[PDB]
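Notes to accompany the following structure.
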Amino acid sequence: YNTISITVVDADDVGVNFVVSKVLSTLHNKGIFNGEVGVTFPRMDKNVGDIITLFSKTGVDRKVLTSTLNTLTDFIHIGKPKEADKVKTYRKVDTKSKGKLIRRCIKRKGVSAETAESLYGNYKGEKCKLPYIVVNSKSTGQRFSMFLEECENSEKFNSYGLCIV
Amino acid sequence: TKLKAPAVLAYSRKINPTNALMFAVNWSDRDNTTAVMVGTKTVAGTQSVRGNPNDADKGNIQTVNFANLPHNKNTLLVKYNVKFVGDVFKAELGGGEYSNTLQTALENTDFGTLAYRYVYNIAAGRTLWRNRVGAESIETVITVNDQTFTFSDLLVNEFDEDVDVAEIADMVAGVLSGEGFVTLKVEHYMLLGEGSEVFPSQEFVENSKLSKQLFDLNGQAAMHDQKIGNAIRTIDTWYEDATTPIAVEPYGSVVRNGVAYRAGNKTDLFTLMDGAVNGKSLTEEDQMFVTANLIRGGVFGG
């Protein structure tokens, strides 16, 4: 499965992962991740990294994504399309923290507010200690941190370049 | 030997930046400014502190200081003034021999290229920091006295030669060489979009009573003047470790990465300044680094 490389140039001004977040945000709103384009990072050590690799099955040409990342050309480097027999695709994992589940339980189970806090008083508090990425959102108006972990491959992809199920 | 650092010695800030006031405009008409205000929204959900078994359940009311461009105007206006102050070799604190011998030693300093890279740090747009991101159109105008000069982008690090940046740098170097002052007014224009993220300077948050108490003057979003000056003082490529200009510093160090680019390998300000005055003649680039950090100011004696 052929892949192309996107390299974030080293900048003391902006964050290296912060450019990556704006790269991933601009790759979302300008299409790209329709149903087949996936993103892997060769440098999972503690952070996301700096080099971006897109391994779409039909192939990503250089012309389409040099105009997609037109706002990022100050500190980006777009490589040539190479080939790879296997990529390390990742998946999205969410963190649940108290009121994420409190307002869900009163909607479905029909319990009271004090009843819902009683069942979840001595539970929850999930905090992932794994690499994350601060990509925000445009449908719902807030910013958040998205966690990605290494697991098995999947055929289909979502609109974030990650695998589904 | 010869003269050590005095009991007291310091130089004063010679590049004085005004704190930026950020407005919202359009590229159609660039004068119908609004106020980019900083409000608060409640954020709850950040929990699981260290050594927390049962106490990682409370909803902390954290009215964080959000900063977004308004949906009505799709162009941010970062407006600020830059004031070059001359007499960059006279030390207010300590001013004596060490300082004068410094002034006579630093006579052949190329003030033209210091002025060029000083105006380049405005023309490139390093002062926006995380605001230059997300923009394909960047506009930089220098409203120095009865002449406004427009600048597109010159790339924060890539240092070529430009004509109009140099012709501003002529009277900038004329101010910085002798005495006097010049004040050049800066407006910065970018398409970021409606509902986009504007990123002003942060502030001191210690306890878990808030998350961000960013610098806003009269409720309107602001860049810190020290951060704007930090963008100004990104001069050094005579740093012998690499080629991504660092913000000049007596040790060449940033806390953001935690490394120190000039601390130990005979490129300290203190050792090379003692060499400069005590008798060791040196090159032009590091002498220009001494001169630029003398426009920075700071303490230089112990």
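Residues in the structure tokens are numbered from 1 in each chain, the chains being A, B, ... in the order shown, and ligands are numbered from 1 in the order shown.
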What residues in chain B have any atom no more than 10 Å from chain A when counting only C-alpha atoms, and can you write them as a short mmCIF file (atom, residue, chain, number, x, y, z; two decimals) with N, CA, C and O atoms, in the first residue's frame?
```cif
data_model
loop_
_atom_site.label_atom_id
_atom_site.label_comp_id
_atom_site.auth_asym_id
_atom_site.auth_seq_id
_atom_site.Cartn_x
_atom_site.Cartn_y
_atom_site.Cartn_z
N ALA B 44 -15.66 21.73 33.07
CA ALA B 44 -15.63 20.73 34.12
C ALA B 44 -15.38 19.36 33.51
O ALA B 44 -15.93 19.02 32.46
N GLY B 45 -14.54 18.56 34.18
CA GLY B 45 -14.22 17.24 33.70
C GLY B 45 -12.76 16.86 33.87
O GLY B 45 -12.41 15.68 33.81
N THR B 46 -11.91 17.86 34.08
CA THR B 46 -10.49 17.61 34.31
C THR B 46 -10.28 17.13 35.74
O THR B 46 -10.47 17.90 36.69
N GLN B 47 -9.89 15.88 35.89
CA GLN B 47 -9.79 15.24 37.20
C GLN B 47 -8.65 14.23 37.15
O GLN B 47 -7.76 14.33 36.29
N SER B 48 -8.65 13.29 38.10
CA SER B 48 -7.66 12.22 38.27
C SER B 48 -6.26 12.80 38.50
O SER B 48 -5.33 12.63 37.71
N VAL B 49 -6.15 13.50 39.63
CA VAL B 49 -4.86 13.99 40.10
C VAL B 49 -4.05 12.82 40.67
O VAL B 49 -4.57 11.71 40.86
N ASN B 52 -5.11 9.89 43.85
CA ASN B 52 -6.54 10.15 44.02
C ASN B 52 -7.30 8.85 43.79
O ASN B 52 -7.33 8.33 42.67
N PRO B 53 -7.90 8.32 44.85
CA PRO B 53 -8.70 7.10 44.76
C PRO B 53 -10.20 7.41 44.69
O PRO B 53 -10.89 6.94 43.79
N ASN B 54 -10.70 8.21 45.63
CA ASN B 54 -12.11 8.55 45.69
C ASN B 54 -12.40 10.03 45.44
O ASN B 54 -13.56 10.38 45.21
N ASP B 55 -11.38 10.89 45.49
CA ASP B 55 -11.58 12.32 45.32
C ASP B 55 -11.53 12.76 43.87
O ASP B 55 -11.63 13.97 43.60
N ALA B 56 -11.37 11.83 42.93
CA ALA B 56 -11.31 12.17 41.50
C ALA B 56 -12.71 12.07 40.87
O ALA B 56 -12.93 11.39 39.88
N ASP B 57 -13.65 12.79 41.48
CA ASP B 57 -15.03 12.81 41.02
C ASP B 57 -15.67 14.19 41.01
O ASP B 57 -16.75 14.33 40.42
N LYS B 58 -15.06 15.19 41.63
CA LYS B 58 -15.69 16.49 41.76
C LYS B 58 -15.70 17.25 40.43
O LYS B 58 -14.84 17.04 39.57
N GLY B 59 -16.71 18.10 40.27
CA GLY B 59 -16.77 18.98 39.12
C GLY B 59 -16.21 20.34 39.45
O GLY B 59 -16.90 21.18 40.04
N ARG B 126 6.88 36.61 12.86
CA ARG B 126 7.16 35.71 13.98
C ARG B 126 6.43 36.16 15.24
O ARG B 126 6.24 35.37 16.17
N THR B 127 6.03 37.43 15.28
CA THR B 127 5.36 38.02 16.44
C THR B 127 3.93 37.53 16.61
O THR B 127 3.36 37.71 17.69
N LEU B 128 3.34 36.92 15.59
CA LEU B 128 2.01 36.34 15.71
C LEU B 128 2.04 35.04 16.49
O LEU B 128 1.06 34.69 17.16
N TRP B 129 3.17 34.32 16.42
CA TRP B 129 3.42 33.01 17.01
C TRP B 129 2.40 32.00 16.51
O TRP B 129 2.44 31.60 15.35
N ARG B 130 1.46 31.60 17.38
CA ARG B 130 0.40 30.66 17.01
C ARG B 130 -0.79 31.35 16.34
O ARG B 130 -1.88 30.77 16.29
N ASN B 131 -0.61 32.57 15.84
CA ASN B 131 -1.65 33.26 15.09
C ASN B 131 -1.34 33.32 13.61
O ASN B 131 -2.27 33.45 12.80
N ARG B 132 -0.07 33.23 13.23
CA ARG B 132 0.36 33.10 11.84
C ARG B 132 -0.03 31.76 11.24
O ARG B 132 -0.27 31.68 10.03
N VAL B 133 -0.17 30.72 12.07
CA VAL B 133 -0.69 29.43 11.66
C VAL B 133 -2.16 29.59 11.26
O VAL B 133 -2.86 30.51 11.70
N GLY B 134 -2.62 28.71 10.37
CA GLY B 134 -3.98 28.76 9.89
C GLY B 134 -4.28 29.88 8.92
O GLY B 134 -5.46 30.12 8.63
N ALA B 135 -3.26 30.57 8.41
CA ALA B 135 -3.45 31.68 7.50
C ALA B 135 -2.63 31.46 6.23
O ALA B 135 -1.43 31.17 6.30
N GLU B 136 -3.28 31.60 5.08
CA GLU B 136 -2.60 31.57 3.79
C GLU B 136 -2.29 32.97 3.30
O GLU B 136 -1.39 33.16 2.46
N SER B 137 -3.01 33.98 3.79
CA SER B 137 -2.75 35.38 3.46
C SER B 137 -2.35 36.11 4.74
O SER B 137 -3.14 36.20 5.69
N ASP B 153 5.19 37.87 3.32
CA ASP B 153 5.75 36.92 4.27
C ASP B 153 7.16 36.83 3.81
O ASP B 153 7.44 36.95 2.62
N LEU B 154 8.07 36.65 4.75
CA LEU B 154 9.45 36.56 4.40
C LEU B 154 10.00 35.33 5.06
O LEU B 154 11.20 35.12 5.01
N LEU B 155 9.12 34.52 5.64
CA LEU B 155 9.51 33.29 6.31
C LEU B 155 10.31 33.46 7.56
O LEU B 155 11.48 33.85 7.53
N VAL B 156 9.68 33.13 8.68
CA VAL B 156 10.31 33.28 9.97
C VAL B 156 11.77 32.92 10.11
O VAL B 156 12.50 33.55 10.86
N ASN B 157 12.23 31.92 9.40
CA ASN B 157 13.59 31.56 9.60
C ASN B 157 14.39 31.82 8.37
O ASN B 157 15.59 32.09 8.46
N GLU B 158 13.76 31.76 7.21
CA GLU B 158 14.57 31.87 5.99
C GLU B 158 14.95 33.32 5.76
O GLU B 158 14.08 34.18 5.55
N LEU B 191 -6.47 36.05 7.24
CA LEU B 191 -7.65 35.18 7.24
C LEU B 191 -7.45 33.99 8.16
O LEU B 191 -6.60 33.13 7.90
N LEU B 192 -8.23 33.93 9.23
CA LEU B 192 -8.24 32.76 10.09
C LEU B 192 -9.60 32.07 9.99
O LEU B 192 -9.70 30.86 10.23
N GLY B 195 -15.19 32.07 13.73
CA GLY B 195 -15.14 31.12 14.83
C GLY B 195 -13.79 30.47 15.01
O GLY B 195 -13.69 29.39 15.61
N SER B 196 -12.74 31.10 14.49
CA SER B 196 -11.40 30.55 14.53
C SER B 196 -10.77 30.81 15.90
O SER B 196 -11.27 31.59 16.71
N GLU B 197 -9.65 30.14 16.15
CA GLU B 197 -8.95 30.24 17.42
C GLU B 197 -7.86 31.29 17.33
O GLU B 197 -6.89 31.13 16.58
N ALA B 231 10.09 37.85 20.07
CA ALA B 231 10.05 37.68 18.62
C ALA B 231 11.03 38.62 17.92
O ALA B 231 11.64 38.25 16.91
N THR B 234 14.91 37.38 18.21
CA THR B 234 15.30 36.16 17.51
C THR B 234 16.29 36.54 16.41
O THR B 234 15.94 36.70 15.24
N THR B 244 18.28 27.65 13.51
CA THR B 244 16.88 27.99 13.70
C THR B 244 17.07 29.12 14.66
O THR B 244 17.20 28.87 15.85
N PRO B 245 17.08 30.40 14.18
CA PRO B 245 17.41 31.47 15.13
C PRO B 245 16.81 31.39 16.51
O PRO B 245 15.62 31.22 16.69
N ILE B 246 17.67 31.55 17.49
CA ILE B 246 17.20 31.48 18.83
C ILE B 246 16.98 32.89 19.25
O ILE B 246 17.44 33.81 18.58
N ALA B 247 16.23 33.08 20.32
CA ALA B 247 16.05 34.40 20.86
C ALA B 247 17.30 34.71 21.65
O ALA B 247 17.58 34.01 22.61
N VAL B 254 16.23 28.38 25.89
CA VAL B 254 14.79 28.40 26.05
C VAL B 254 14.38 27.38 27.10
O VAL B 254 15.05 26.36 27.30
N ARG B 256 11.24 26.31 26.96
CA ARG B 256 10.22 25.56 26.23
C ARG B 256 10.71 24.18 25.81
O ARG B 256 9.97 23.19 25.90
N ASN B 257 11.96 24.09 25.36
CA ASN B 257 12.57 22.80 25.09
C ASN B 257 13.46 22.33 26.23
O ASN B 257 13.72 21.12 26.33
#
```
Within 10 Å of residue B:79, counting only C-alpha atoms, which residues show up once you throw out same-chain ones fewer than 2 positions away? Write them as a PyMOL selection string, please. chain B and resi 18-23+76-77+81+185-189+222-223
N, CA and C atoms of the current selection, written as a PDB file, in the first residue's frame:
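Below is the file again_24.pdb, written as the result:
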```pdb
ATOM      1  N   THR B  18       5.235  48.063  22.441  1.00  0.00           N
ATOM      2  CA  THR B  18       3.956  48.242  23.103  1.00  0.00           C
ATOM      3  C   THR B  18       3.219  46.909  23.150  1.00  0.00           C
ATOM      4  N   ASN B  19       2.409  46.740  24.191  1.00  0.00           N
ATOM      5  CA  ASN B  19       1.567  45.556  24.280  1.00  0.00           C
ATOM      6  C   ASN B  19       0.508  45.605  23.189  1.00  0.00           C
ATOM      7  N   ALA B  20       0.379  44.503  22.458  1.00  0.00           N
ATOM      8  CA  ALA B  20      -0.479  44.457  21.285  1.00  0.00           C
ATOM      9  C   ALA B  20      -1.945  44.467  21.686  1.00  0.00           C
ATOM     10  N   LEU B  21      -2.748  45.184  20.907  1.00  0.00           N
ATOM     11  CA  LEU B  21      -4.195  45.158  21.065  1.00  0.00           C
ATOM     12  C   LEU B  21      -4.776  44.529  19.814  1.00  0.00           C
ATOM     13  N   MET B  22      -5.558  43.474  19.986  1.00  0.00           N
ATOM     14  CA  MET B  22      -5.994  42.702  18.837  1.00  0.00           C
ATOM     15  C   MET B  22      -7.431  43.045  18.459  1.00  0.00           C
ATOM     16  N   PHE B  23      -7.621  43.331  17.174  1.00  0.00           N
ATOM     17  CA  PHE B  23      -8.910  43.751  16.646  1.00  0.00           C
ATOM     18  C   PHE B  23      -9.352  42.754  15.587  1.00  0.00           C
ATOM     19  N   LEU B  76      -8.324  38.888  11.582  1.00  0.00           N
ATOM     20  CA  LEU B  76      -7.761  39.402  12.821  1.00  0.00           C
ATOM     21  C   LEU B  76      -6.836  40.580  12.533  1.00  0.00           C
ATOM     22  N   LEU B  77      -6.864  41.582  13.410  1.00  0.00           N
ATOM     23  CA  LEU B  77      -5.977  42.739  13.317  1.00  0.00           C
ATOM     24  C   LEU B  77      -5.140  42.811  14.591  1.00  0.00           C
ATOM     25  N   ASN B  81       2.810  48.911  18.436  1.00  0.00           N
ATOM     26  CA  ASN B  81       3.859  49.833  18.036  1.00  0.00           C
ATOM     27  C   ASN B  81       5.213  49.316  18.504  1.00  0.00           C
ATOM     28  N   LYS B 185       4.726  51.794  13.430  1.00  0.00           N
ATOM     29  CA  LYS B 185       3.440  51.240  13.833  1.00  0.00           C
ATOM     30  C   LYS B 185       3.127  50.020  12.976  1.00  0.00           C
ATOM     31  N   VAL B 186       2.665  48.950  13.616  1.00  0.00           N
ATOM     32  CA  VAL B 186       2.519  47.643  12.986  1.00  0.00           C
ATOM     33  C   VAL B 186       1.052  47.236  13.028  1.00  0.00           C
ATOM     34  N   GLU B 187       0.522  46.836  11.876  1.00  0.00           N
ATOM     35  CA  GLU B 187      -0.761  46.158  11.779  1.00  0.00           C
ATOM     36  C   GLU B 187      -0.581  44.825  11.061  1.00  0.00           C
ATOM     37  N   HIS B 188      -1.244  43.792  11.579  1.00  0.00           N
ATOM     38  CA  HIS B 188      -1.078  42.427  11.086  1.00  0.00           C
ATOM     39  C   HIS B 188      -2.443  41.867  10.718  1.00  0.00           C
ATOM     40  N   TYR B 189      -2.596  41.408   9.477  1.00  0.00           N
ATOM     41  CA  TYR B 189      -3.880  40.965   8.948  1.00  0.00           C
ATOM     42  C   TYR B 189      -3.776  39.534   8.433  1.00  0.00           C
ATOM     43  N   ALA B 222      -4.752  40.413  24.194  1.00  0.00           N
ATOM     44  CA  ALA B 222      -3.485  41.120  24.093  1.00  0.00           C
ATOM     45  C   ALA B 222      -2.323  40.141  24.048  1.00  0.00           C
ATOM     46  N   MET B 223      -1.318  40.480  23.241  1.00  0.00           N
ATOM     47  CA  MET B 223      -0.006  39.850  23.299  1.00  0.00           C
ATOM     48  C   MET B 223       0.820  40.550  24.369  1.00  0.00           C
TER      49      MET B 223
END
```
Record the distance separating atom CA of residue B:280 and atom CA of residue B:101, expressed in Å with one decimal. 12.5 Å
Could you tell me how far atom CA of residue B:302 lies from atom CA of residue B:263, in Å and to one decimal?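 Computing it gives 17.1 Å between the two atoms.
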Out of B:1, B:145, B:62, B:28, which residue has the shortest atom-to-atom distance to residue B:205 when counting only C-alpha atoms?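 Among B:1, B:145, B:62, B:28, it is B:62 that comes nearest to residue B:205.
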Run DSSP on the backbone and give me the residues of stretch 51-269 of chain B it puts in strand (DSSP E or B), as a PyMOL selection string. chain B and resi 62-66+68+75-85+93+138-144+147-151+181-191+197+216-217+220-223+234-236+246-247+253+260
Going by DSSP on the backbone, which bits of chain A are alpha helix (DSSP H)? Write them as an MDAnalysis selection string, please. chainID A and resid 16:29 62:68 99:108 113:119
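Of the listed residues B:51, B:70, B:252, B:174, the one whose atoms come nearest to residue B:115 is B:174, with distances taken using only C-alpha atoms.
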Counting only C-alpha atoms, figure out which residue out of B:3, B:163, B:144, B:67 gets nearest to residue B:37.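 Checking each candidate against residue B:37, we get B:67 as the closest.
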Write out as a ChimeraX atom specification the residues lying within 9 Å of stretch 86-89 of chain A, counting only C-alpha atoms and excluding same-chain residues fewer than 5 positions away. /A:1,38-42,55,149-154,161-163
Using only C-alpha atoms for the distances, tell me which of B:121, B:278, B:74, B:211 is nearest to residue B:229.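 For residue B:229, the nearest of the candidates is B:121.
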Need to verify the contact set: residue B:42, 12 Å, only C-alpha atoms, exclusion of same-chain residues closer than 6 positions in sequence. Can you return it as a ChimeraX atom specification? /A:142 /B:59-66,209-212
Can you write just those residues out, C-alpha atoms, as an mmCIF file, in the first residue's frame?
```
data_model
loop_
_atom_site.group_PDB
_atom_site.id
_atom_site.type_symbol
_atom_site.label_atom_id
_atom_site.label_comp_id
_atom_site.auth_asym_id
_atom_site.auth_seq_id
_atom_site.Cartn_x
_atom_site.Cartn_y
_atom_site.Cartn_z
ATOM 1 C CA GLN A 142 -15.242 23.042 21.821
ATOM 2 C CA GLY B 59 -16.772 18.978 39.122
ATOM 3 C CA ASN B 60 -14.301 21.849 39.373
ATOM 4 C CA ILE B 61 -15.830 25.104 38.147
ATOM 5 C CA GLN B 62 -13.008 26.343 35.902
ATOM 6 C CA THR B 63 -14.217 29.404 33.981
ATOM 7 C CA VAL B 64 -11.330 29.339 31.502
ATOM 8 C CA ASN B 65 -10.537 32.413 29.404
ATOM 9 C CA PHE B 66 -11.628 31.504 25.889
ATOM 10 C CA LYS B 209 -8.635 27.450 40.605
ATOM 11 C CA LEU B 210 -8.434 28.305 36.892
ATOM 12 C CA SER B 211 -6.628 27.041 33.793
ATOM 13 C CA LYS B 212 -5.939 30.199 31.779
#
```
